[PDB]
Amino acid sequence: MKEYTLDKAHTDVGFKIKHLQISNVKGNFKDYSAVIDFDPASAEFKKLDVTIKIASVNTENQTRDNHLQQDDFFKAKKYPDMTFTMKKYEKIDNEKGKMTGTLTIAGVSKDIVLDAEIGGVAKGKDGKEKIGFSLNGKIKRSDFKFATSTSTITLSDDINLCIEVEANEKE
């Protein structure tokens with residue numbers, strides 16, 4: 001034989017090991033419309049109807065938003081918009097209430113509950129009405145047979161909705 005010493009400069013004592021990481025995908029939608037009927041005298045919603053243009057999804061990541069439109073997610077070509085229709089608002093007090101409505105995603109419709117939290121009701125600077133409130137709720141992918149080809153392991157079955165609204169009076 002013969003004896004050698006390592007060139008530490010061009011020697012790597014290396015290893016690769018695979019692991020998993022859980023993170024939240026957070027997203028919103030840039031293009032939606034809503035109709036809002038609300039009574040500041042009683043803190044009650046009368047009508048809340050929302051249409052969201054699926055195409056305008058934004059999860060902060062270009063190629064994911066594209067992929068979201070595909071046949072194995074939103075199927076945007078066939079079902080371009082998702083919709084919420086309030087059916088009933090059960091007031092708890094002037095800050096909180098339970099909202100029940102129909103959510104439709106890719107042509108499957110289901111009745112859901114959102115927790116309404118009224119952030120603020122005012123007459124503005126100019127003397128016209130404003131309101132600020134939030135709706136939230138967990139819905140289940142499985143209940144809307146949504147993205148069924150993706151496992152509930154890879155992607156959580158639960159979607160948490162956070163609707164944050166500031167809104168002013170009309171006409």
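Chemist: Would you mind showing me how to read the overall build of the chain here?
Modeler: For the chain, the helix and strand inventory stands at one helix and nine strands. Taking 16 Å as the expected radius of gyration for a compact globule of 171 residues, we find that the chain reaches 24 Å, considerably beyond that expectation. Dimensions along the principal axes, computed over C-alpha positions, put the chain at roughly 95 × 40 × 30 Å. For the chain, contacts bridging at least 24 residues in sequence account for 46% of all contacts bridging at least 6.

Chemist: Is there a simple way to explain the environment of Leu155 in this structure?
Modeler: Tracing the backbone through its elements, the reader meets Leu155 in the loop between strand 8 (129-140) and strand 9 (158-168). Given the relative accessible area of 29%, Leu155 is considered partly exposed. Ignoring anything within four residues of it in the chain, the contact list for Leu155 reads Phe73, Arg141 and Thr150.

Chemist: What is the right way to look at the pairing of strand 8 in this model?
Modeler: Two faces, one strand: in a regular strand the side chains alternate between the faces of the sheet. Sheet analysis places strand 7 (residues 108-123) next to strand 8, joined by eight bridges and oriented antiparallel. For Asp115, the partnering residue across the bridge sits in strand 8 and is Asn136. When strand 8 meets strand 9, the two strands line up antiparallel, connected through eleven bridges. Each residue of the ladder has a partner; that of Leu135, found in strand 9, is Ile163.

Chemist: What exactly am I supposed to notice about the pattern of salt bridges here?
Modeler: For side chains of opposite charge, pairing can occur when their charged atoms come near one another. Tallied over the entire structure, the rule returns five salt bridges. In this structure, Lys96 engages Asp93 in a salt bridge whose closest nitrogen and oxygen atoms are separated by 3.8 Å.

Chemist: In this structure, what is going on with the environment of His67? I would like to understand it.
Modeler: Examined against the element boundaries, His67 turns out to sit in helix 1 (residues 62-68). Given the relative accessible area of 37%, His67 is considered partly exposed. When residues no more than four places from it in sequence are discounted, the contact partners of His67 are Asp72 and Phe73.

Chemist: Which parts of the structure should I look at to understand the pairing of strand 6 (residues 96-105)?
Modeler: Counting buried residues in strand 6 gives eight out of ten residues, a clear majority hidden from the surface. Where strand 5 (residues 81-91) meets strand 6, eight bridges bridge the pair, whose relative direction is antiparallel. Across the sheet, the residue bridging to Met86 is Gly101, located in strand 6. Connecting strand 5 to the antiparallel partner strand 6 that follows it, the hairpin turn spans four residues. Here strand 6 runs beside strand 7; their pairing, made up of ten bridges, is antiparallel. Note on strand 7: the bridge partner recorded for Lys96 is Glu117. Linking strand 6 back to strand 7 in an antiparallel pair, the connection comprises two residues, with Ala106 at a positive phi of about 45°.

Definitions and limits used
- Residues numbered from 1 in each chain as written, not as in the entry; some residues may be left out.
- Heavy atoms only, no water.
- Residues with missing side-chain atoms left out of burial classes, pairs and counts.
- Helix = DSSP H or I, 4+ residues; strand = E, 2+ residues; numbered from the N terminus.
- Rg over C-alpha atoms; globule rule 2.2 N^0.38 Å.
- Contact = heavy atoms within 4.5 Å.
- Buried < 20%, exposed > 50% of the residue type's maximum accessible area, 1.4 Å probe, protein only.
- Pairing = 2+ DSSP bridges.
- Salt bridge = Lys/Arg side-chain N within 4 Å of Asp/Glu carboxyl O.

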